[PDB]
Amino acid sequence: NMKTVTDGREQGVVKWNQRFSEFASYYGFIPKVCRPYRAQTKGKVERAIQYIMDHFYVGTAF
DNA sequence: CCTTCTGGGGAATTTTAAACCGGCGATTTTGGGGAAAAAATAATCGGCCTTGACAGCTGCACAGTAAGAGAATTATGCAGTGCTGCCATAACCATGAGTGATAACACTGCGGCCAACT
């Protein structure tokens with residue numbers, strides 16, 4: 001639930017940001033939002049974040 | 001009435017069984033050397049089992065003590081100036097010794113001149 005993709009739960013239903021909704025309709029992909037304060041529903045990407053931040057960005061210097 | 005037979009006992013002798021001690025023949029044991037095998041120890045390999053973390057981030061508040069940073073104040077050491085006295089150095093002359101110089105020959109460095117290529 002990022003404000004760059006939504007604008008709050010209008011009584012349970014989600015209100016999509018108009019510009020982002022236009023962007024999604026342009027590329028055709030349907031957006032979805034998991035839920036407030038529940039990151040389990042997107043465990044794949046969070047675990048990938050753990051993977052990258054404990055494998056790549058641990059000692060690499062730039 | 002007498003003679004002969006037999007039996008018991010003490011002494012001498014012989015044989016066989018048992019036990020010890022020694023000698024002789026055999027196996028065992030100890031030591032050293034060489035080879036082979038087993039096991040022990042360490043290191044390296046693969047893989048299974050299980051769980052932590054990834055989910056915005058951490059800066060601030062209070063407690064006490066100590067340190068330190070900045071500014072004002074104070075102490076002290078350097079410097080400056082005047083007057084007098086003492087020590088150093090410098091100036092001259094003489095004599096000895098060292099080095100810079102001068103002559104001569106030989107080798108090398110630099111400038112003037114000639115030629116070859118583009």
Give me a comma-separated list of calculated 3J(HN,Hα) values for the stretch A:9-15, in order, Karplus coefficients 6.51, -1.76, 1.60 applied at θ = phi - 60°, integers in Hz, x for any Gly or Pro. 8, 6, 6, x, 7, 9, 10
Residue range of chain A that is longest and free of trypsin sites (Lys or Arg not before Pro) which are both DSSP loop and sparsely packed (at most 10 other C-beta within 10 Å): A:4-31
Degrees separating the helix A:43-55 axis from the principal Cα axis of chain A, which is the longest one: 30
About the Cα centre, and with charges only on the beta carbon of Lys, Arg (+1) and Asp, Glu (-1), how big is the dipole of the stretch A:15-62? Nearest 20 debye, please. 300
Alpha carbon convex hull of chain A, projected area averaged over orientations, nm²: 6.2
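Bear in mind these aren't lab numbers, they're just calculated from the coordinates by the rules spelled out. Here Cβ is always computed from backbone atoms with ideal geometry, including for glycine, and neighbour counts include all displayed protein chains.
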